[PDB]
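Shown here is one chain on its own, the form deposited in one PDB entry, set out as structure tokens.
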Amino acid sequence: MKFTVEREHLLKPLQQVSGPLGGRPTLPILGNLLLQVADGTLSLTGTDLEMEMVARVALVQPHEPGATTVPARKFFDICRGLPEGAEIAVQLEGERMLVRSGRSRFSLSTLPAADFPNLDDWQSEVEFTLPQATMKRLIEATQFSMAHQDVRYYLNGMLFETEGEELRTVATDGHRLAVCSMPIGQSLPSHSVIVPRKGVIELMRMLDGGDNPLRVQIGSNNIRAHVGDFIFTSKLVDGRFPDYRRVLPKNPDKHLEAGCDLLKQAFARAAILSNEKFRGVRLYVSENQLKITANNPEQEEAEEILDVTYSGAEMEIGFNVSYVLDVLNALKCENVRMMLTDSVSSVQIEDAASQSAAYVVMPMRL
């Protein structure tokens, strides 16, 4: 296996396939990349057994076919360290891979390609394409609400649902929920899968802004996402997600609208003097006014009063200010709508200007 490639043509591909990886996987080879020259193409693959990322680079310089497995972080670090515009020449030599550029030379340890974990083939059942920025919006709107290492293992990832011509994400912790829905211009079967949170993370990071469409293929136990020269595959979480329809408030009749930043800043100051563990804050709503109060066990007390747009019945509600601040921080918009019912019902929060994303936070008795 020989190839000579310009540094910059390797950097983005290396960075993408090092995503699954780690620097003691225990299983050593998981800390290696797989390099394959076949045809006029270098392919690079990294995996953690659950998911796999593969990148392809066109070889316009002379090459020879073959395959090996090298330490991913060492190889990336060498390529990154070499100067802007460097030509990088790579050669298999015995049990070692040689890397030369200018006056610099490296020989890395290898592990047999034949030994590199392969994900089983599987058949695609549902497919669609959509713009990258659309998938990226969908994930970023909701990712912060996934659980991390909950016993309820199906919460530790993100639901991707297709319905009508819409693709929707849903993430919940069991405490707060996020849902985002975008039209993507293709009639879709009605279908749900759960992508593991590590996979959501890798998917999110393969999306580079650009003009390359994302093609998605879903099978019974896998998902694959292909954009330009990058192909991501993951196992799905074999589990039953909650239904977000059962979580949204029922026709809330009390709408408050405020400046997102003014609201965020008020909650952020009040939060200083909230209970460190439970983070309860109280809202008092009244005609075009919101009062926020926080206390803590030391009986310190904050209070914020700000002008808002509200014409509903006066009411109080409590909730967790960290959850509310996470939503406000996700939204990044001019104005926010809080859809309220009473002191004993969840709140739904949205960009005043778009119903695409919606967030549900549960009431606290304070």
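We call the rigid core the largest set of C-alpha positions that still match within 1.5 Å between the two forms. Residue numbers run from 1 along the displayed sequence.
**Q** State which stretch is farther from the displayed form on average in 7 other deposited structures of this protein, 327-335 or 45-53, counting RMS CA distance after fitting on the rigid core.
**A** When 327-335 and 45-53 are compared in 7 other deposited structures of this protein, 327-335 lies farther out.
**Q** Which of the two stretches, 129-137 versus 257-265, has its Cα atoms farther on average from this form in 7 other deposited structures of this protein when everything is superposed by the rigid core?
**A** The answer is 257-265, which departs more from the shown form in 7 other deposited structures of this protein.
**Q** Counting only other entries where the flanking residues are modelled, do a third or more lack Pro25?
**A** Yes, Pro25 lacks coordinates in at least a third of the other compared entries.
**Q** Looking at the entry, does 36-44 or 331-339 show the higher mean C-alpha B-factor?
**A** According to the entry, 36-44 carries the higher average C-alpha B-factor.
**Q** Between 17-25 and 345-353, name whichever shows the higher mean Cα B factor according to the PDB entry.
**A** Averaging CA B-factors over each stretch, the winner is 17-25.
**Q** What's the residue among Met97, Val247, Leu273, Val179 with the greatest CA temperature factor in the PDB record?
**A** Largest recorded C-alpha B-factor: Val247.
**Q** Out of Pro196, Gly259, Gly280, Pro117, whose C-alpha atom has the biggest B factor in the entry?
**A** If I rank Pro196, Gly259, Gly280, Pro117 by C-alpha B-factor, first place goes to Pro117.
**Q** Within this chain, which third does the Cα B-factor at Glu64 fall in: lowest, middle or highest?
**A** Ranked within chain, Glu64 CA B lands in the highest tercile.
**Q** By the record's CA B-factor, is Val200 among the lowest, middle or highest third of residues in the chain?
**A** It belongs to the middle third of the chain when residues are ordered by C-alpha B-factor.
**Q** Classify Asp253 as lowest, middle or highest third according to the C-alpha B-factor given in the PDB entry, relative to its own chain.
**A** Highest third - that is where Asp253 ends up once the chain's C-alpha B-factors are sorted.
**Q** Where does the C-alpha B-factor of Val361 rank in its chain, lowest, middle or highest third?
**A** Lowest third - that is where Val361 ends up once the chain's C-alpha B-factors are sorted.
**Q** Should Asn222 be placed in the lowest, middle or highest third of its chain by the C-alpha B factor in the entry?
**A** According to the entry, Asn222 has a C-alpha B-factor in the chain's middle third.
Just so you know, the form deposited with a partner chain bound exists too; it's not on screen, but the next bit is about it.
**Q** In the deposited bound form, which of the stretches 175-183, 194-202, 231-239, 216-224 has residues with heavy atoms within 4.5 Å of its partner chain?
**A** The contacting stretch is 175-183.
**Q** Just to be sure I understand the contacts: of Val247, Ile139, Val285, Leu167, which is the one whose heavy atoms reach within 4.5 angstroms of its partner chain in the deposited bound form?
**A** Spelling it out, the residue with a heavy atom inside the cut-off is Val247.
**Q** Within a 4.5 Å heavy atom cut-off, is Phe278 in contact with its partner chain in the deposited bound form?
**A** Because a heavy atom of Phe278 falls inside 4.5 Å of its partner chain in the deposited bound form, the answer is yes.
**Q** Going by a heavy atom distance of 4.5 Å, is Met1 a contact of its partner chain in the deposited bound form?
**A** Heavy-atom contact with its partner chain at 4.5 Å: absent for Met1.
**Q** Is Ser43 a contact residue for its partner chain in the deposited bound form, using a 4.5 Å heavy atom cut-off?
**A** No, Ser43 stays farther than 4.5 Å from its partner chain in the deposited bound form.
**Q** Under a 4.5 Å heavy atom criterion, is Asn320 part of the interface with its partner chain in the deposited bound form?
**A** Judged by the heavy-atom cut-off of 4.5 Å, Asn320 is in contact with its partner chain in the deposited bound form.
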